[PDB]
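Below you'll find only one chain, the form deposited in one PDB entry, shown as structure tokens.
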């Protein structure tokens, strides 16, 4: 019921920022995907951001475009993704699990029914990549009716009215895409926004430390995990090993 709030309390109790890897569900295959996520958690991931393969991820870069194609080549469907989400939650009861979704997969079988299935499988938050706060009302309403935190991106070109809306409508955490003017981070604290996670350009431990020092509650690595998977397609076991070493390197960097 309370996973992001509990995590951030503990992290603050331990002088620590969150490290949140992103990965696409079913890439490069469902069992290997399940192995990948278990390795991320055992390596020190504080939460997960999980993408569901969508045919037209118009908000994603090429590394993630390729990840969707690998998952589609494995036959991964949204239904199977939710089977993975249930199994992941039943293995790890406390880790916050966020989905990065595209609006059509949410809208497809009814918006409220989508968020009802998130609640069934234990999802904690949903970011709908292609729904700006201006169009978000039906999405965040359904989210809250099913105890899902609706996540919003605070982009680098954000003005004050947007910061107010993101602070008011967001829950769980604020997805920040910035180069940390921590002007954004302080105005989000000022407007009592959900804790800000820095999601732009997080591919080295130095940037995890830098984001925490700027005042962010932690950092999201949107691509680097997927890159390590893409590079190690030939060898599943060197993939799990490099994932573990990268994630713990990143997690150790959040201990400020």
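Numbering follows the first chain given and starts at 1. The term rigid core refers to the maximal set of C-alpha atoms that superpose within 1.5 Å between the two forms. Shifts are known only where both forms have a C-alpha.
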Note to self: Does the comparison with other PDB entries of this protein show residue 183 lacking coordinates in a third or more of them, where both adjacent residues are built?
What the structure shows: no
Margin query: In terms of residues present in the deposited sequence but not modelled, what lies between residue 165 and residue 166: none, 1 to 3, 4 to 9, or 10 or more?
Written below: none
Checklist line | Mean temperature factor over C-alpha atoms, higher-scoring stretch between 182-190 and 168-176 | finding: 182-190
Check: As stated in the PDB record, which stretch has the larger average Cα B-factor, 154-162 or 140-148?
Finding: 154-162
Next item on the list: Comparing against every modelled residue in the chain, figure out the third that the C-alpha B-factor of residue 49 lands in (lowest, middle or highest).
Entry: lowest
Next item on the list: Can you work out whether the C-alpha temperature factor of residue 56 puts it in the lowest, middle or highest third of the chain?
Entry: lowest
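What follows is about the form deposited in another entry, which we do not show.
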Next item on the list: Look at residue 31 and decide if its Cα position differs by 2 Å or more between the shown form and the other one after superposing on the rigid core.
Entry: no
Margin query: Superposed on the rigid core, does the Cα of residue 57 end up 2 angstroms or more away between the shown form and the other one?
Written below: yes
Notebook entry, point to check: Which stretches of at least three consecutive residues shift by 2 Å or more at every Cα between the shown form and the other one, once the core is superposed?
Noted result: 55-62
